[PDB]
Amino acid sequence: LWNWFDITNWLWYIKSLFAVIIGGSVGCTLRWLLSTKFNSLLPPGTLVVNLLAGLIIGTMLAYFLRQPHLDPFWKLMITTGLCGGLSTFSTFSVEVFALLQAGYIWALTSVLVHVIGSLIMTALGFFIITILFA
Amino acid sequence: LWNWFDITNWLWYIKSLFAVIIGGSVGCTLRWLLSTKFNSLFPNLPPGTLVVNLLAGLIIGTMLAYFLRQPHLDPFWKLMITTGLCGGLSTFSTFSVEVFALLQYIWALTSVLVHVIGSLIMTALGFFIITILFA
Amino acid sequence: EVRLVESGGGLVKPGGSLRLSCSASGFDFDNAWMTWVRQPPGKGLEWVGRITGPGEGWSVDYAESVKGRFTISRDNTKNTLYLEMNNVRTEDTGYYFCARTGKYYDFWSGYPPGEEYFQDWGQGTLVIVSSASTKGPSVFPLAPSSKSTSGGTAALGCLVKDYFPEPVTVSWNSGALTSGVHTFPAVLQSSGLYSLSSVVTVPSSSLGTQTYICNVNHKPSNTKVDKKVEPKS
Amino acid sequence: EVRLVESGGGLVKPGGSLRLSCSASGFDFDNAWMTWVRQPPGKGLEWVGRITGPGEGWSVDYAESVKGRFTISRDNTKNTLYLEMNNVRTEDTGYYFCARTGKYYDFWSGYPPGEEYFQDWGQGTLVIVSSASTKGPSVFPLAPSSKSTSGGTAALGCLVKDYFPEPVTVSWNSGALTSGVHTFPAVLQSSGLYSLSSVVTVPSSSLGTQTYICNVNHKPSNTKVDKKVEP
Amino acid sequence: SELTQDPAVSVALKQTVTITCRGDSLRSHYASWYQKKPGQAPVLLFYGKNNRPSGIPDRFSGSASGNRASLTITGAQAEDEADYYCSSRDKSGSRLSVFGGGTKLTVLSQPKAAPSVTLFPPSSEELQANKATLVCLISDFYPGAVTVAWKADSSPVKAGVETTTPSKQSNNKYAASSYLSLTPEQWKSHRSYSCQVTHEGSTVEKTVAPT
Amino acid sequence: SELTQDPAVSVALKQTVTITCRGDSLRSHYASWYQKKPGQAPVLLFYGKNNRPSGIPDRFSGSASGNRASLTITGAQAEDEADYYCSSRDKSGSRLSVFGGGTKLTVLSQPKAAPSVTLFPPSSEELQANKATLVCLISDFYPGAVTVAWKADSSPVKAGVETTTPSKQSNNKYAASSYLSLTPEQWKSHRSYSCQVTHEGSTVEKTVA
């Protein structure tokens, strides 16, 4: 069959694609909601989704390291799909310069808050998961 | 008997959803490729998840100056290009994992500084380019 | 088939009240969105208001100039639409049309709340709003001269001035003259009173002897002025 | 219908060479993946190698113990599969089966390169690899005693020792005795030579007079030893 | 008046004309096009993306762009000489609907003609009655559109004026009238009073005065 | 052998038994199950997710989990007493295929019986011939599986031994044989030589000198 090795490789990549398609088409949706409804109020919609994605993928770094072997499929759709669609580096970058071009204390507060908080979310996730069943 | 106002509101939102679905299901795909094929080539500062961040910064920075001084189009395309393409291509999470994977300290802070300042200068590049070329 | 008939227009002094009614038939009345649209005399159409349907709780939206003074309602059993006009301003003069209001929203290009259209209309119903009471017309003669003679033809007429309400009906020589006659649409003066003219064109030789008579007629005040026109001095 | 027949096995000294052939019929041979699988005597099946099909450029993958010494090929015109065995080790002894190799990959659970299976098999072909040359058997007698008598029955036999190659055929009293006789499968010694036994069970009273003879026969060396057993 | 049309526009017979409506709401909502003859009810002609209700001839077609909407009449007919109204929302996202100013379509199916003006002073009766009304009758012109102005010794008289709308005569030409109201003291203490008709640029001007 | 089976396993008639194969590749690739009788060719029985090729009775069913796979035989029959082999990849993602060790299925269709063992010393001929072969014949037992060990004054003799595989006699019981090879000097300068058969624990042991 027209090079079986390549047929099977491509079909596998197609499963692994379908995976990311679904994971990301949900992860993005969630962020769209939180941003549109909670950016009108240091915009917290695009910050809520970043903190949440940090927490999830930080729960799953300790998970897919001490609890692997179950499937790569769901790993991929949960990491580089859900936590990529829910997260963003761009919508956070726009508002920083939207504070810069306007004129510098909250443009640096955006930087610091975003980075340190979405990191402490990864910390929360990792230590929650590893402590849960240590 | 479903209230015309609500029918039309929810239909509009369904089209605006379909938008984000397509934009993001392309944006994510691109990042998946660049990361899987280009993260094996430096653990201290993985460039796949950095290439996609820099690229998304550049694109959405091209489009802040664009979709602010150029209307007459549609929030449809704005949305699927901003909160879809440049959200799926971009990520804050896959960059957060590797920083602590270095923590668990010089390259863990290099990751922070490089990622942040560079994906910002990408927005600067985009805004620069767009507002200058058609001023 | 689809029929809409308005009813209940007429005269009403400023500050009064009136109820216009729209009898509807030939379609599912009980669910159709309904809209009023009025045309002032010598003006464009103006959307008055629209009552929704059953799915929307019978909400009604009103034009700004009308909001607070007009009330739309409906009897789905009697199959009629109602417009209650209270504390009336002279602005609200004009014909009034009920219209079956189709709803439209294309999924791809749309934007809530779509856009309503008006497929089926009534014939109208005339609401006049002025303080002017009834009044017969003064009939003065438009006497021919050398400024009115056209070599072989000359034009003479009747000014039917200051009357209320519409209409007057002029004729000539008790309906003997048809050719030559043009009676105009009446103008309306700021006195709240109308005034039209009628003019007949006839031989420039026939002046000086021949008998030209105009027969004004104003049923609203039961007047009937008959007048002869003859050259001046 | 689907038929696969192997051919060309037999004896060969270590370091030699041999060509096993698989005549194939009853299916599209020109596209089917093919696999060799050998079973050493008293062992399990061992996948040897597999040549691909047309889509893959006729790639061949080999088991590690065989890679560098065996070569698989095919004549899609003659409809035959070939295994060329060069520089032989005694390990490669055993029966050899060509098998039509179906390919499998479930779309959702799969992982390249799927997993191949073996739907249709030949019956085998025996390749023996030993330095031992031909040799007739020494036939010694297993003489009954009180350790062989079972009250009413006693068991006496013939040791057919040190011969090559298989097989020997023992009978008894020139085929007169059927009941009582069990001639065993031959064992093989590290001399590269076989040795079986045959034993007949008979009256414990018939000892001391009755004539019991075993008739060994070894066509590979054209020997024919006939021997009497007496207490 | 959030929807804006050009008030009048004509076209020769069998030609093609387009009426254009403009407004902010038109960018985010579609329109509906209505024909309206005097006395007769409005006629839906088109709406939405591409919806032409049944019975409306194929030659009527709606169009939409940027902030504009347009009704296209292909192959003008004399039975299209009417008023045409766009209809949409007032603002983007409102339940309130709104019409445009309307556009008067003349289907130029008769040759142009000049206005014949006949002007009357008051009559000795009306002057005895203490009233004074000058009458200006404009006949036998095409198309049906005229501008009237009254001059007192060639000065503007912008008050006391009332002018009718042209109506079809018998020869299919139009005719209108204008009434100038004065006190008799004004009418006698001036030397001249002039009715001034402008039809397609042409300034016919007739004049009367105390005989 | 990355693919691992238990070497032998039995089951009573009309019962149900399962052979289990194990290995790394088994987590990422499916298997294929092959029946094999002596002389007769291997028989594909199952493969993949749930593929049972036509002809194979309904009673054969494959299963897969974690890193294990299993062939399920429902309703044992005497014509299933055979060898069974799993087959898959050697490692995850290889084109090379590989078989398991194989599993010997006994279908217990006869009552268990004890081994009757008969032991011969050399013969005066073979000793004249300068050779010495002790013969141990094990007959009339069930099931067909035995352990033989040779003792020289009750000491281990792990060299010079060769033992056959049990073959069906005429009464449907099995029988096997074991040959112990010695120099005649060894055979005369010992007081005893003993053949030791262990069948289902039972240690029958006969002795010659």
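Protein chains in written order, with the deposited numbering: chain E, -11 to 29, 33 to 94, 96 to 126; chain F, -11 to 92, 96 to 126; chain C, 1 to 233; chain A, 1 to 231; chain D, 2 to 212; chain B, 2 to 210.
Note that the Cβ used here is the ideal one computed from N, Cα and C, for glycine as well.
* Contacts around residue 169/D, its chain only, beta-carbon distance under 7 Å, and the 5 residues preceding and following it disregarded -> 175
* Asked: Starting from residue 142/B and walking both ways along the beta strand (DSSP E), at which residues does that stretch end?
  -> 134 to 142
* Identity of the residue in 171/A, 228/A and 210/A nearest residue 216/A by Cα -> 171/A
* Got a sec: does the ligand GTP put a non-hydrogen atom nearer than 7 Å to the Cβ of residue 135/B? -> Ligands are entirely absent from the displayed structure, and the ligand GTP is therefore not among its contents.
* Taking only the alpha-carbon atoms, compute the straight-line gap between residue 3/E and residue 35/A and give it to the nearest angstrom. => 29 Å
* **Beta carbon proximity, residue 115/A to chain B, threshold 8 Å** => yes
* To do: Kindly indicate which residue of 141/D, 171/D, 121/D and 157/D has the alpha-carbon position closest to the one of residue 147/C.
  => 121/D
* Kindly indicate the opening and closing residues of the beta strand (DSSP E) around residue 39/A. => 33 to 39
* To do: Give every residue of the same chain whose Cβ lies closer than 7 Å to the Cβ of residue 105/A, excluding the five residues on either side of it in the sequence, and list them in chain order.
  => 114
* Asked: Is residue 106/E helix, strand or coil by DSSP?
  -> helix
* Alpha-carbon to alpha-carbon, residue 81/B and residue 35/B -> 12 Å
* Which residues in the same chain have their Cβ closer than 6 Å to the Cβ of residue 42/E, if we skip the five residues on either side of it in sequence? -> 109, 110 and 113
* Can you check the segment 69 to 149 of chain C for any beta strand (DSSP E) of at least 3 residues that lies completely inside it and give the ranges in chain order? => 70 to 75, 80 to 86, 94 to 104, 115 to 121, 126 to 129 and 138 to 142
* To do: Could you tell me which of 181/D, 137/D and 171/D sits nearest to residue 157/D, measuring between CA atoms?
  => 181/D
* Asked: With residue 105/B and residue 39/B assumed to form a contact (beta carbons below 8 Å), what rounded beta-carbon distance in angstroms separates them?
  -> That pair is no contact at about 11 Å.
* Return helix, strand or coil for residue 95/F, following the three-state DSSP convention. => In this structure residue 95/F is absent; chain F steps straight from 92 to 96.
* Residue range of the beta strand (DSSP E) that includes residue 34/B -> 33 to 37
* Return no unless some Cβ of chain C is closer than 8 Å to the Cβ of residue 3/F. => yes
* To do: Tell me whether residue 97/E sits in a helix, a strand or coil according to DSSP, three-state version.
  => helix
* Per DSSP, the bridge partner or partners of residue 196/B -> 151/B and 207/B
* Asked: For the 8 Å Cβ check, are there 3 or more pairs between the segment 55 to 70 of chain B and the segment 51 to 63 of chain A?
  -> no
* **Partners in chain B for residue 168/A, counting only beta-carbon separations shorter than 8 Å** => Those within 8 Å of residue 168/A in chain B number zero; the least Cβ separation is about 14 Å.
* C-alpha distance - residue 41/A paired with residue 125/B, whole-angstrom precision -> 34 Å
* Asked: Going along chain C in order, which residues have a C-beta closer than 7 Å to the C-beta of residue 60/D?
  -> Going along chain C, no residue has its Cβ under 7 Å from residue 60/D, so there is no contact; the nearest lies around 19 Å.
* Endpoints, alpha helix (DSSP H) assigned at residue 97/B -> Taken as a continuous stretch (DSSP letters only), residue 97/B belongs to no alpha helix (DSSP H), as it is neither H nor E.
* **Nearest-angstrom Cα separation, counted from residue 54/D out to residue 69/D** => 21 Å
* Asked: Quick one: Cα of residue 176/C to Cα of residue 211/C, how far?
  -> 11 Å
* Asked: residue 127/B lies in the alpha helix (DSSP H); which residues open and close that run?
  -> 125 to 129
* residue 18/A - partner residues in DSSP beta bridges -> 85/A
* Asked: If the cut is a Cβ gap below 8 Å, which residues of chain D does residue 111/C touch?
  -> 29, 30, 93 and 94
* Along the chain, where does the alpha helix (DSSP H) that runs through residue -10/F open and close? -> No alpha helix (DSSP H) contains residue -10/F, which DSSP labels as neither H nor E.
* Backbone CA spacing between residue 27/C and residue 1/C [nearest angstrom] -> 8 Å
* To do: Tell me, please, whether the CB atom of residue 46/A is closer than 8 Å to any CB atom in chain B?
  => yes
* Quick one: is residue 143/C near chain D, going by C-beta distance under 8 Å? -> yes
* Over the uninterrupted alpha helix (DSSP H) stretch that includes residue 64/F, give me the two end residues. => 63 to 68
* List, in order along the chain, the chain F residues whose C-beta lies closer than 9 Å to that of residue 111/E? -> 84, 87, 88 and 103
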